[PDB]
Amino acid sequence: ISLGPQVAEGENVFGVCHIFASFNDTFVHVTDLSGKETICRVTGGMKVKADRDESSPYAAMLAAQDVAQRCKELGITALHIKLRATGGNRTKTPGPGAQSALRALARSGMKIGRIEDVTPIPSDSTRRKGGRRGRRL
RNA sequence: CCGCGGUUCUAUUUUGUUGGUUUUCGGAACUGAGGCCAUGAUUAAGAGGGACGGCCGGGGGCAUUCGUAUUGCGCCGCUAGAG
Ligand SMILES: [Mg+2]
């Protein structure tokens, strides 16, 4: 009770932290083991007011700090990790904010379980956007 | 190839007293059974065709099945951002 479980000191409570780090944003999202219920979702957009640093490591660590204090306030100790890129037909590698957010989560008084990749990997995707001649910059 | 059976006509004769001439008279017409031919087919192209045996291949057509992804929808969660 009191915004927390009745777990003993010897046992730790396990959550699931989806880190959807794409380009131009970074989502850190803590849920239960099934993922049905969500505790807190913080993203770099609500921590930098520049519209350019949404995927910045400076904003990513701040977002991870907020979900860390919220998890500790809710009495959550151990936390699995599910790293996710944009996926689909689009880019399959995680954005810049993934490493800073993960480092912040470890150092801000949290425990780490298993790390897994939940990137959407198609067997063979649809027509990816851009044209056959690519994005001419 | 060689001989033997097997057909139709015809240059000439002088069986010079005319007549009839036998003129099979000479040869050329169609044919059946034989004998002999060492009897008669060059080989099978590092040419080809086809057959035969076990394979082999994202080769083709039809049918069937599977995969996550994308999009949308319907529920539940939490937040003011998302892109
Ligand atoms: Mg250029």
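Please determine, in degrees from 0 to 90 and to the nearest 10, the orientation of helix A:57-73 with respect to the longest principal axis defined by the Cα atoms of chain A, where the helix direction is its Cα long axis.
Rounded to the nearest ten degrees, it is 30.
Please list 3J(HN,Hα) in residue order for region A:27-34, calculated via the Karplus relation 6.51 cos²θ - 1.76 cosθ + 1.60 where θ = phi - 60°; whole Hz, with x for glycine and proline.
9, 10, 9, 9, 9, 7, 5, 6
For chain A, what proportion of DSSP beta bridges, expressed in % and rounded to the nearest 5, is antiparallel?
50 percent
Dipole size in debye (nearest 20) for chain A around its Cα centre, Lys and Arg Cβ +1, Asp and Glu Cβ -1?
Computed charge dipole of chain A: roughly 1040 debye.
List every residue whose amide H lies under 5 Å from the amide H of residue A:27, counting only residues 5 or more places away in sequence or on a different chain, with H placed 1.01 Å from N in the peptide plane.
A:20, A:21, A:22
Which one of A:99, A:134, A:22 is farthest out on the positive end of the charge dipole of chain A, using unit charges on Cβ (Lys, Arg +1; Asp, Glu -1) and the Cα centre as origin?
A:134
Can you list the HN-Hα couplings for region A:8-21, worked out from phi with the Karplus curve (6.51, -1.76, 1.60; θ = phi - 60°), rounded to whole Hz and with x for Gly and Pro?
Computed from phi, the couplings for region A:8-21 are 6, 5, x, 8, 10, 8, 9, x, 10, 10, 7, 10, 8, 9 Hz.
Set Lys and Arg Cβ to +1 and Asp and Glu Cβ to -1, take the dipole of chain A about its Cα centre, and tell me which of A:1, A:12, A:119 lies farthest positive.
Checked the options; the winner is A:119.
Rounded to the nearest 10 degrees, what's the angle between the helix A:97-107 long axis and the longest principal axis of chain A, both from Cα atoms, 0 to 90?
On a 0 to 90 degree scale, this one is about 10.
Would you mind finding the longest exposed-site-free stretch of chain A, with exposed GluC sites (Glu not before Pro) meaning DSSP loop and at most 11 other Cβ atoms within 10 Å?
So the longest stretch without any such site is A:38-137.
In whole Hz and in residue order, list the ³J(HN,Hα) couplings for region A:44-51 that follow from phi through the Karplus curve 6.51 cos²θ - 1.76 cosθ + 1.60, θ = phi - 60°; x for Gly and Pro.
x, x, 8, 9, 10, 10, 10, 6
Could you tally up the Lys pairs in chain A with alpha carbons closer than 15 Å? Skip any pair fewer than 8 positions apart unless they're on separate chains.
Qualifying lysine pairs in chain A: 5.
Every read-out reported here was derived from the displayed coordinates using simple, explicitly stated rules and does not represent laboratory data. We place every Cβ from the backbone using ideal geometry, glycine too, and count neighbours over all the protein chains shown.
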